[PDB]
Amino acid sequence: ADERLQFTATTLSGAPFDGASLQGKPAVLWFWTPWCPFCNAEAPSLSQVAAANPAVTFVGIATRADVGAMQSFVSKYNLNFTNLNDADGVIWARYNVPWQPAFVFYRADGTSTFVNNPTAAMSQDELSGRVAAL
């Protein structure tokens, strides 16, 4: 929320990205790793919900994998939004780690809600409703 978004990063494509650009608009952070079965179950839903909600800015944040594996996952699931190679877990630490998948749902006013459930993948219906609520 608010100042935690003040990070910089590198995308899987190698481009710089500034988290501060997310301030003041509805956004979703999604912390994933490519080998997690829950992340793999959620990825089609991220792809569809992001596509259907273009005025919400989605940013995936991947760690604990090589960049090629990250890229294969984005390609396989058509994740057409920024994905960050958080190679050393610094952004993950900022948002307090602990494992994947995790969502942060930001309103434009800076408030947020998190979902970090280890037992199940979030359904598309649930994700669509959380994104609409922003």
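From 1 onward, residues are counted along the sequence shown.
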60-68 or 103-111, whichever carries the higher mean Cα B-factor
103-111
Would you mind comparing 6-14 and 20-28 for me and telling me which has the higher average C-alpha temperature factor in the entry?
6-14
Per the deposited B-factor column, the C-alpha that peaks among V90, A55, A51, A43 belongs to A55
Based on the deposited C-alpha B factors for this chain, I'd like to know if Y95 is in the lowest, middle or highest third.
highest
